[PDB]
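What follows is the content of coords-v2.pdb, which has PDB, C-alpha atoms and all ligand atoms:
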```
MODEL        1
ATOM      1  CA  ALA A   1     146.210  73.928 116.329
ATOM      2  CA  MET A   2     145.195  70.296 115.725
ATOM      3  CA  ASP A   3     141.492  71.329 115.880
ATOM      4  CA  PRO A   4     141.015  74.864 114.478
ATOM      5  CA  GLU A   5     137.227  74.503 114.327
ATOM      6  CA  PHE A   6     137.019  73.763 118.083
ATOM      7  CA  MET A   7     139.425  76.674 118.734
ATOM      8  CA  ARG A   8     137.381  79.106 116.671
ATOM      9  CA  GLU A   9     134.038  78.284 118.291
ATOM     10  CA  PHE A  10     135.558  78.067 121.777
ATOM     11  CA  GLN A  11     137.389  81.373 121.353
ATOM     12  CA  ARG A  12     134.151  83.181 120.367
ATOM     13  CA  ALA A  13     132.561  81.844 123.525
ATOM     14  CA  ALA A  14     135.651  82.673 125.628
ATOM     15  CA  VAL A  15     135.807  86.253 124.361
ATOM     16  CA  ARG A  16     132.131  86.846 125.135
ATOM     17  CA  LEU A  17     132.579  85.443 128.626
ATOM     18  CA  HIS A  18     135.734  87.520 129.265
ATOM     19  CA  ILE A  19     133.967  90.672 128.204
ATOM     20  CA  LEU A  20     131.113  90.076 130.672
ATOM     21  CA  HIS A  21     133.590  89.091 133.405
ATOM     22  CA  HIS A  22     135.485  92.370 133.030
ATOM     23  CA  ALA A  23     132.435  94.572 132.524
ATOM     24  CA  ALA A  24     130.739  93.198 135.644
ATOM     25  CA  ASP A  25     133.738  94.138 137.711
ATOM     26  CA  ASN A  26     134.159  97.656 136.345
ATOM     27  CA  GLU A  27     133.569 100.042 133.422
ATOM     28  CA  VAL A  28     135.747  99.274 130.397
ATOM     29  CA  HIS A  29     136.787 100.802 127.078
ATOM     30  CA  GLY A  30     137.096  98.668 123.979
ATOM     31  CA  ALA A  31     140.762  99.645 123.576
ATOM     32  CA  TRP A  32     141.547  98.286 127.024
ATOM     33  CA  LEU A  33     139.544  95.088 126.437
ATOM     34  CA  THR A  34     141.591  94.413 123.297
ATOM     35  CA  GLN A  35     144.788  94.642 125.413
ATOM     36  CA  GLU A  36     143.379  92.583 128.313
ATOM     37  CA  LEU A  37     142.085  89.821 126.036
ATOM     38  CA  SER A  38     145.471  89.821 124.265
ATOM     39  CA  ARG A  39     147.294  89.507 127.632
ATOM     40  CA  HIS A  40     145.230  86.354 128.255
ATOM     41  CA  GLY A  41     146.272  84.813 124.872
ATOM     42  CA  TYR A  42     143.161  85.623 122.789
ATOM     43  CA  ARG A  43     143.807  86.862 119.261
ATOM     44  CA  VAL A  44     141.442  89.824 118.895
ATOM     45  CA  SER A  45     141.575  93.149 117.078
ATOM     46  CA  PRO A  46     139.445  96.306 117.393
ATOM     47  CA  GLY A  47     137.831  95.224 114.054
ATOM     48  CA  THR A  48     136.514  91.957 115.642
ATOM     49  CA  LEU A  49     136.019  93.151 119.209
ATOM     50  CA  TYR A  50     133.947  96.333 118.718
ATOM     51  CA  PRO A  51     131.224  94.463 116.758
ATOM     52  CA  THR A  52     131.003  91.891 119.635
ATOM     53  CA  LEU A  53     130.659  94.743 122.130
ATOM     54  CA  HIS A  54     127.890  96.262 120.056
ATOM     55  CA  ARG A  55     126.108  92.890 119.814
ATOM     56  CA  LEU A  56     126.402  92.356 123.589
ATOM     57  CA  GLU A  57     124.679  95.728 124.108
ATOM     58  CA  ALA A  58     121.980  94.821 121.525
ATOM     59  CA  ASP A  59     121.500  91.558 123.478
ATOM     60  CA  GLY A  60     120.865  93.667 126.617
ATOM     61  CA  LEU A  61     123.898  92.268 128.432
ATOM     62  CA  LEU A  62     126.024  95.436 128.314
ATOM     63  CA  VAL A  63     125.078  99.087 128.470
ATOM     64  CA  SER A  64     127.375 101.774 127.121
ATOM     65  CA  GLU A  65     127.701 105.451 127.958
ATOM     66  CA  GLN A  66     129.419 108.073 125.836
ATOM     67  CA  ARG A  67     131.462 110.384 128.015
ATOM     68  CA  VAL A  68     133.585 113.426 127.289
ATOM     69  CA  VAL A  69     136.537 113.198 129.660
ATOM     70  CA  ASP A  70     139.613 115.400 129.403
ATOM     71  CA  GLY A  71     138.423 116.814 126.041
ATOM     72  CA  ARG A  72     137.962 113.381 124.387
ATOM     73  CA  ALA A  73     134.677 111.523 123.701
ATOM     74  CA  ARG A  74     134.893 107.855 124.598
ATOM     75  CA  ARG A  75     132.470 105.043 125.117
ATOM     76  CA  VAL A  76     132.541 102.916 128.265
ATOM     77  CA  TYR A  77     130.713  99.584 128.740
ATOM     78  CA  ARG A  78     129.363  97.940 131.842
ATOM     79  CA  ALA A  79     127.337  94.823 132.524
ATOM     80  CA  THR A  80     123.622  95.248 133.014
ATOM     81  CA  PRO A  81     121.603  93.199 135.505
ATOM     82  CA  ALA A  82     120.783  90.833 132.545
ATOM     83  CA  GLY A  83     124.539  90.628 131.825
ATOM     84  CA  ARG A  84     125.365  89.685 135.404
ATOM     85  CA  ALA A  85     122.703  86.943 135.245
ATOM     86  CA  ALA A  86     124.173  85.795 131.895
ATOM     87  CA  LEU A  87     127.668  85.782 133.388
ATOM     88  CA  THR A  88     126.449  83.429 136.132
ATOM     89  CA  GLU A  89     124.795  81.065 133.635
ATOM     90  CA  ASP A  90     127.736  81.133 131.193
ATOM     91  CA  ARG A  91     130.178  80.433 134.002
ATOM     92  CA  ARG A  92     127.977  77.599 135.252
ATOM     93  CA  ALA A  93     127.966  75.991 131.847
ATOM     94  CA  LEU A  94     131.793  76.324 131.714
ATOM     95  CA  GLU A  95     132.211  74.884 135.225
ATOM     96  CA  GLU A  96     130.034  71.909 134.330
ATOM     97  CA  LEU A  97     131.950  71.033 131.176
ATOM     98  CA  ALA A  98     135.254  71.399 133.062
ATOM     99  CA  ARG A  99     133.925  69.040 135.825
ATOM    100  CA  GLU A 100     132.710  66.505 133.269
ATOM    101  CA  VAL A 101     135.771  66.122 131.019
ATOM    102  CA  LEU A 102     138.772  67.078 133.257
TER     103      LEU A 102
ATOM    104  CA  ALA B   1     119.026  81.271 128.674
ATOM    105  CA  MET B   2     120.118  84.860 129.389
ATOM    106  CA  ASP B   3     122.863  84.617 126.717
ATOM    107  CA  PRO B   4     121.694  82.376 123.833
ATOM    108  CA  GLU B   5     124.636  83.359 121.621
ATOM    109  CA  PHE B   6     127.187  82.231 124.252
ATOM    110  CA  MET B   7     125.192  78.999 124.749
ATOM    111  CA  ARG B   8     125.100  78.292 121.015
ATOM    112  CA  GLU B   9     128.843  78.817 120.438
ATOM    113  CA  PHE B  10     129.844  77.062 123.681
ATOM    114  CA  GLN B  11     127.577  74.085 122.963
ATOM    115  CA  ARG B  12     129.070  73.571 119.470
ATOM    116  CA  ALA B  13     132.503  73.521 121.035
ATOM    117  CA  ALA B  14     131.373  71.238 123.888
ATOM    118  CA  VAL B  15     129.792  68.742 121.520
ATOM    119  CA  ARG B  16     132.963  68.553 119.428
ATOM    120  CA  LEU B  17     135.021  67.983 122.575
ATOM    121  CA  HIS B  18     132.621  65.265 123.788
ATOM    122  CA  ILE B  19     132.769  63.499 120.465
ATOM    123  CA  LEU B  20     136.595  63.291 120.552
ATOM    124  CA  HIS B  21     136.457  62.242 124.224
ATOM    125  CA  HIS B  22     134.092  59.347 123.387
ATOM    126  CA  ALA B  23     135.893  58.344 120.183
ATOM    127  CA  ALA B  24     139.255  58.222 121.976
ATOM    128  CA  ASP B  25     137.829  55.922 124.610
ATOM    129  CA  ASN B  26     136.063  53.576 122.232
ATOM    130  CA  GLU B  27     134.590  53.041 118.750
ATOM    131  CA  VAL B  28     131.225  54.777 118.319
ATOM    132  CA  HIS B  29     128.157  54.735 116.095
ATOM    133  CA  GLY B  30     126.433  58.029 115.342
ATOM    134  CA  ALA B  31     123.140  56.787 116.831
ATOM    135  CA  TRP B  32     124.844  56.134 120.152
ATOM    136  CA  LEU B  33     126.599  59.518 120.160
ATOM    137  CA  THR B  34     123.207  61.173 119.666
ATOM    138  CA  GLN B  35     121.911  59.364 122.778
ATOM    139  CA  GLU B  36     125.019  60.056 124.874
ATOM    140  CA  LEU B  37     125.156  63.754 123.991
ATOM    141  CA  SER B  38     121.396  64.023 124.654
ATOM    142  CA  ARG B  39     121.820  62.378 128.081
ATOM    143  CA  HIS B  40     124.326  65.105 128.945
ATOM    144  CA  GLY B  41     121.854  67.908 127.985
ATOM    145  CA  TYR B  42     123.162  68.763 124.493
ATOM    146  CA  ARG B  43     120.549  69.384 121.844
ATOM    147  CA  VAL B  44     121.816  67.241 118.970
ATOM    148  CA  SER B  45     120.056  65.658 116.042
ATOM    149  CA  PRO B  46     121.314  63.518 113.129
ATOM    150  CA  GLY B  47     121.108  66.753 111.020
ATOM    151  CA  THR B  48     123.734  68.483 113.261
ATOM    152  CA  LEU B  49     125.781  65.479 114.331
ATOM    153  CA  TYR B  50     126.581  63.729 111.030
ATOM    154  CA  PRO B  51     128.033  66.895 109.399
ATOM    155  CA  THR B  52     130.320  67.414 112.436
ATOM    156  CA  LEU B  53     131.449  63.776 112.286
ATOM    157  CA  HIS B  54     132.200  64.212 108.591
ATOM    158  CA  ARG B  55     134.199  67.409 109.221
ATOM    159  CA  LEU B  56     136.133  65.793 112.075
ATOM    160  CA  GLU B  57     137.157  62.997 109.698
ATOM    161  CA  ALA B  58     138.061  65.511 106.948
ATOM    162  CA  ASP B  59     140.236  67.262 109.536
ATOM    163  CA  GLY B  60     142.029  63.936 110.192
ATOM    164  CA  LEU B  61     140.810  63.784 113.806
ATOM    165  CA  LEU B  62     138.458  60.842 113.323
ATOM    166  CA  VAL B  63     138.564  57.868 110.998
ATOM    167  CA  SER B  64     135.480  55.884 110.080
ATOM    168  CA  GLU B  65     135.126  52.353 108.841
ATOM    169  CA  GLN B  66     132.111  50.717 107.245
ATOM    170  CA  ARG B  67     132.003  47.322 108.924
ATOM    171  CA  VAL B  68     129.825  44.280 108.487
ATOM    172  CA  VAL B  69     129.077  42.681 111.829
ATOM    173  CA  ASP B  70     126.362  40.108 112.433
ATOM    174  CA  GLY B  71     125.211  40.531 108.792
ATOM    175  CA  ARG B  72     124.621  44.297 109.094
ATOM    176  CA  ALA B  73     126.773  47.089 107.609
ATOM    177  CA  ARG B  74     127.392  50.013 109.924
ATOM    178  CA  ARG B  75     129.763  52.935 110.084
ATOM    179  CA  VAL B  76     131.913  53.227 113.210
ATOM    180  CA  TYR B  77     134.138  56.188 114.187
ATOM    181  CA  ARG B  78     137.293  56.349 116.247
ATOM    182  CA  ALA B  79     139.857  58.974 117.110
ATOM    183  CA  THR B  80     143.099  59.048 115.198
ATOM    184  CA  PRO B  81     146.424  59.881 116.817
ATOM    185  CA  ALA B  82     145.866  63.503 115.552
ATOM    186  CA  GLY B  83     142.416  63.394 117.251
ATOM    187  CA  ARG B  84     143.930  62.338 120.560
ATOM    188  CA  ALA B  85     146.413  65.226 120.317
ATOM    189  CA  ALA B  86     143.489  67.575 119.461
ATOM    190  CA  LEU B  87     141.545  66.308 122.473
ATOM    191  CA  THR B  88     144.520  67.287 124.674
ATOM    192  CA  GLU B  89     144.749  70.780 123.130
ATOM    193  CA  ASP B  90     140.972  71.330 123.343
ATOM    194  CA  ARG B  91     141.038  70.269 127.016
ATOM    195  CA  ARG B  92     143.899  72.672 127.652
ATOM    196  CA  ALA B  93     141.896  75.522 126.184
ATOM    197  CA  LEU B  94     138.984  74.569 128.464
ATOM    198  CA  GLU B  95     141.263  74.420 131.519
ATOM    199  CA  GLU B  96     142.650  77.861 130.734
ATOM    200  CA  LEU B  97     139.230  79.514 130.440
ATOM    201  CA  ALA B  98     138.129  77.882 133.687
ATOM    202  CA  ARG B  99     141.234  79.391 135.432
ATOM    203  CA  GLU B 100     140.628  82.814 133.977
ATOM    204  CA  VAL B 101     136.938  83.397 134.708
ATOM    205  CA  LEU B 102     136.124  81.106 137.716
TER     206      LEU B 102
HETATM  207 CL    CL A 201     138.521  74.403 110.129
HETATM  208 CL    CL A 202     132.791 101.471 120.846
ENDMDL
END
```

Show me this structure written as structure tokens.
Amino acid sequence: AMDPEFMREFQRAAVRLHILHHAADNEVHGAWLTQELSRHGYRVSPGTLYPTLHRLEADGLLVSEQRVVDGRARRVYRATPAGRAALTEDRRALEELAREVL
Amino acid sequence: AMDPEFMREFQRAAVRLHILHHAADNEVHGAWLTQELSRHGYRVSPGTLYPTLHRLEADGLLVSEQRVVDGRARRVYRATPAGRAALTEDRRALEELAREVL
């Protein structure tokens, strides 16, 4: 990367936005998010992703539920009403920058 | 803002992108960048801007020159060839995120 500082900041923002995008659409597990973000070309690990999930919930933008399904306890995340509003604002900001410089 | 953490990260990235965009197009003084970024709705001060200019130059993406014009010494910044290449990569990253989530 010619500009690793841009890429680092932008990637943090991108990851956050992708998480909200996916969690608004359906319930998601962290394990699946790691794979889906990776598919899209974002370098993430459970070690980096789970703390961002937890922070998103602390921010009120996700809510999680522990479920026991098929004998295994797992945590699923979904967007809250505040998270859907955030998703709209975050996307708007992205759309504006894209319109301005491209 | 519903998501201040997204807005903080995204704005740092946006400002960096704008700086390269302006410095590729012309030579710039810091004082003018402050005004131009402010016009566009970015909250920037000399305290935030000058350190990012310095880091951009350290990264080889900008070069600055102290220049005496009309009897007054000022520092001007412009993009280097590496900075122009970075601008292209940063734009590509923006384009990709726009495709993914919009
Ligand atoms: Cl760096
Ligand atoms: Cl978890």

Exercise. Using all atoms listed in the file, find each residue with an atom at most 12 Å away from ligand CL 201 (chain A) and format the answer as a VMD selection string.
Key: (chain A and resid 1 to 9) or (chain B and resid 52 55 to 61)

Least-squares fit on all C-alpha atoms, paired in order: put chain B onto chain A and return it as an mmCIF file with C-alpha atoms, in the frame of the given file.
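Final output, saved to part_20.cif:
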```cif
data_model
loop_
_atom_site.group_PDB
_atom_site.id
_atom_site.type_symbol
_atom_site.label_atom_id
_atom_site.label_comp_id
_atom_site.auth_asym_id
_atom_site.auth_seq_id
_atom_site.Cartn_x
_atom_site.Cartn_y
_atom_site.Cartn_z
ATOM 1 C CA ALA B 1 146.449 73.528 116.910
ATOM 2 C CA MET B 2 145.317 69.932 116.299
ATOM 3 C CA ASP B 3 141.639 71.029 116.307
ATOM 4 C CA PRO B 4 141.315 74.549 114.820
ATOM 5 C CA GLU B 5 137.514 74.339 114.654
ATOM 6 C CA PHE B 6 137.239 73.615 118.410
ATOM 7 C CA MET B 7 139.722 76.449 119.101
ATOM 8 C CA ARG B 8 137.760 78.906 116.965
ATOM 9 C CA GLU B 9 134.363 78.159 118.553
ATOM 10 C CA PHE B 10 135.789 77.912 122.089
ATOM 11 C CA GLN B 11 137.733 81.168 121.709
ATOM 12 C CA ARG B 12 134.619 83.095 120.574
ATOM 13 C CA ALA B 13 132.822 81.835 123.643
ATOM 14 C CA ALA B 14 135.808 82.563 125.919
ATOM 15 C CA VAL B 15 136.159 86.111 124.645
ATOM 16 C CA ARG B 16 132.470 86.810 125.255
ATOM 17 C CA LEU B 17 132.779 85.432 128.786
ATOM 18 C CA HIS B 18 135.900 87.536 129.456
ATOM 19 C CA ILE B 19 134.188 90.660 128.235
ATOM 20 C CA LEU B 20 131.251 90.202 130.654
ATOM 21 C CA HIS B 21 133.693 89.316 133.456
ATOM 22 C CA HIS B 22 135.630 92.575 132.903
ATOM 23 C CA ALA B 23 132.534 94.731 132.371
ATOM 24 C CA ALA B 24 130.938 93.432 135.581
ATOM 25 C CA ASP B 25 134.035 94.328 137.548
ATOM 26 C CA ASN B 26 134.497 97.781 136.086
ATOM 27 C CA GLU B 27 133.742 100.181 133.213
ATOM 28 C CA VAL B 28 135.823 99.428 130.112
ATOM 29 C CA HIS B 29 136.967 101.034 126.875
ATOM 30 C CA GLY B 30 137.266 98.849 123.788
ATOM 31 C CA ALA B 31 140.973 99.692 123.401
ATOM 32 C CA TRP B 32 141.679 98.353 126.875
ATOM 33 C CA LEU B 33 139.651 95.178 126.296
ATOM 34 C CA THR B 34 141.733 94.529 123.177
ATOM 35 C CA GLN B 35 144.911 94.749 125.295
ATOM 36 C CA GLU B 36 143.538 92.643 128.160
ATOM 37 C CA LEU B 37 142.212 89.888 125.896
ATOM 38 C CA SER B 38 145.522 89.915 123.973
ATOM 39 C CA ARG B 39 147.491 89.573 127.235
ATOM 40 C CA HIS B 40 145.491 86.423 127.970
ATOM 41 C CA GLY B 41 146.355 84.877 124.542
ATOM 42 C CA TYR B 42 143.128 85.659 122.641
ATOM 43 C CA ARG B 43 143.538 86.836 119.081
ATOM 44 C CA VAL B 44 141.274 89.889 118.994
ATOM 45 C CA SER B 45 141.266 92.958 116.813
ATOM 46 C CA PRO B 46 138.986 96.029 116.694
ATOM 47 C CA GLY B 47 137.307 94.327 113.654
ATOM 48 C CA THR B 48 136.202 91.335 115.831
ATOM 49 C CA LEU B 49 135.776 93.065 119.176
ATOM 50 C CA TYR B 50 133.558 96.064 118.348
ATOM 51 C CA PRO B 51 130.859 93.929 116.631
ATOM 52 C CA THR B 52 130.715 91.636 119.704
ATOM 53 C CA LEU B 53 130.427 94.651 122.019
ATOM 54 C CA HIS B 54 127.603 95.979 119.858
ATOM 55 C CA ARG B 55 125.779 92.620 119.916
ATOM 56 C CA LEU B 56 126.214 92.300 123.685
ATOM 57 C CA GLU B 57 124.555 95.706 124.090
ATOM 58 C CA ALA B 58 121.763 94.765 121.637
ATOM 59 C CA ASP B 59 121.213 91.654 123.762
ATOM 60 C CA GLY B 60 120.808 93.903 126.842
ATOM 61 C CA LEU B 61 123.902 92.444 128.537
ATOM 62 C CA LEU B 62 126.042 95.567 128.243
ATOM 63 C CA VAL B 63 125.174 99.242 128.224
ATOM 64 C CA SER B 64 127.458 101.872 126.756
ATOM 65 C CA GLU B 65 127.691 105.562 127.435
ATOM 66 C CA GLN B 66 129.460 108.216 125.402
ATOM 67 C CA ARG B 67 131.168 110.315 128.054
ATOM 68 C CA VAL B 68 133.216 113.474 127.940
ATOM 69 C CA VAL B 69 136.055 113.316 130.431
ATOM 70 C CA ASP B 70 139.044 115.645 130.451
ATOM 71 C CA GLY B 71 137.758 117.252 127.206
ATOM 72 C CA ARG B 72 137.684 113.968 125.248
ATOM 73 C CA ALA B 73 134.586 111.973 124.220
ATOM 74 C CA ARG B 74 134.885 108.233 124.685
ATOM 75 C CA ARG B 75 132.546 105.283 124.790
ATOM 76 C CA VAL B 76 132.605 103.162 127.949
ATOM 77 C CA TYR B 77 130.849 99.800 128.479
ATOM 78 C CA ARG B 78 129.519 98.159 131.604
ATOM 79 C CA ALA B 79 127.491 95.088 132.421
ATOM 80 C CA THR B 80 123.801 95.462 133.064
ATOM 81 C CA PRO B 81 121.952 93.436 135.681
ATOM 82 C CA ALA B 82 120.969 91.042 132.794
ATOM 83 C CA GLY B 83 124.707 90.835 131.907
ATOM 84 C CA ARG B 84 125.633 89.877 135.455
ATOM 85 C CA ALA B 85 122.977 87.137 135.381
ATOM 86 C CA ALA B 86 124.346 85.999 131.971
ATOM 87 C CA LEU B 87 127.876 85.905 133.381
ATOM 88 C CA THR B 88 126.614 83.522 136.099
ATOM 89 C CA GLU B 89 124.871 81.253 133.559
ATOM 90 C CA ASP B 90 127.879 81.263 131.199
ATOM 91 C CA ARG B 91 130.163 80.355 134.128
ATOM 92 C CA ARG B 92 127.811 77.540 135.081
ATOM 93 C CA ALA B 93 128.000 76.131 131.578
ATOM 94 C CA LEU B 94 131.811 76.278 131.791
ATOM 95 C CA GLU B 95 131.811 74.549 135.191
ATOM 96 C CA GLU B 96 129.602 71.772 133.853
ATOM 97 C CA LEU B 97 131.823 71.031 130.847
ATOM 98 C CA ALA B 98 134.892 71.003 133.084
ATOM 99 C CA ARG B 99 133.161 68.370 135.328
ATOM 100 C CA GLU B 100 132.144 66.247 132.385
ATOM 101 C CA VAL B 101 135.377 65.960 130.397
ATOM 102 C CA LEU B 102 138.206 66.570 132.965
#
```

Self-check item: Close residues to ligand CL 202 (chain A) using all atoms listed in the file, limit 8 Å, as JSON, numbers by chain
Solution: {"A": [29, 30, 50, 53, 54, 74, 75, 76]}

Exercise. Pick out the residues sitting within 10 Å of residue 87 in chain A, and hand them over as a list in words; count all atoms listed in the file, and ignore anything fewer than 5 positions along from it in its own chain.
Key: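 Counting all atoms listed in the file, the residues come to residues 16, 17, 18, 19, 20, 21, 24, 61, 79, 81, 82, 92 and 93 of chain A; 2, 3, 6 and 101 of chain B.
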
Next, the residues of the selection above should be written as a CSV table (one decimal), keeping the file's coordinate frame with C-alpha atoms.
```csv
chain,number,residue,atom,x,y,z
A,16,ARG,CA,132.1,86.8,125.1
A,17,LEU,CA,132.6,85.4,128.6
A,18,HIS,CA,135.7,87.5,129.3
A,19,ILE,CA,134.0,90.7,128.2
A,20,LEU,CA,131.1,90.1,130.7
A,21,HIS,CA,133.6,89.1,133.4
A,24,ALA,CA,130.7,93.2,135.6
A,61,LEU,CA,123.9,92.3,128.4
A,79,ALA,CA,127.3,94.8,132.5
A,81,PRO,CA,121.6,93.2,135.5
A,82,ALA,CA,120.8,90.8,132.5
A,92,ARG,CA,128.0,77.6,135.3
A,93,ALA,CA,128.0,76.0,131.8
B,2,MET,CA,120.1,84.9,129.4
B,3,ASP,CA,122.9,84.6,126.7
B,6,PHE,CA,127.2,82.2,124.3
B,101,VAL,CA,136.9,83.4,134.7
```

Self-check item: Explicit residue set for the PyMOL selection byres (((chain A and resi 34) around 8) and not hetatm), as a list in words
Solution: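 Taken on the displayed file, the PyMOL selection byres (((chain A and resi 34) around 8) and not hetatm) yields the residues residues 30, 31, 32, 33, 35, 36, 37, 38, 44, 45, 46 and 49 of chain A.
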
Exercise. May I have the residues within 6 Å of residue 77 in chain B as an MDAnalysis selection string, using only C-alpha atoms and disregarding those fewer than 2 positions away in the same chain?
Key: chainID B and resid 27:28 63:64

Kindly list the centre and edge lengths in Å, rounded to one decimal, for the axis-aligned box that covers all listed atoms of range 62-65 of chain A plus 4 Å on each of its six sides, as JSON.
```
{"center_x": 126.4, "center_y": 100.4, "center_z": 127.8, "size_x": 10.6, "size_y": 18.0, "size_z": 9.3}
```

Quiz item: Of the candidates A:91, A:15, A:26, A:83, which one gets nearest to residue 48 in chain A if we count only C-alpha atoms?
Solution: A:15

Quiz item: In Å, with one decimal, what is the gap from CA of residue 65 in chain B to CA of residue 85 in chain B?
Solution: 20.6 Å

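In this model, the gap between CA of residue 78 in chain B and CA of residue 90 in chain B comes to 17.0 Å.
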
Quiz item: Which of these, B:42, B:84, B:13, B:23, has the shortest distance to chain A once you count all atoms listed in the file?
Solution: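 Of B:42, B:84, B:13, B:23, the one nearest chain A is B:13, counting all atoms listed in the file.
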
Quiz item: What is the CA of residue 10 in chain A-CA of residue 88 in chain B distance in Å, reported with one decimal?
Solution: 14.3 Å

Quiz item: Which residue out of A:102, A:70, A:43, A:25 has the minimum interatomic distance to chain B when all atoms listed in the file are used?
Solution: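 Among A:102, A:70, A:43, A:25, it is A:102 that comes nearest to chain B.
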
Self-check item: From A:66, A:99, A:86, A:51, residue lying nearest chain B [only C-alpha atoms]
Solution: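 Residue with the minimum atom-to-atom distance to chain B: A:86.
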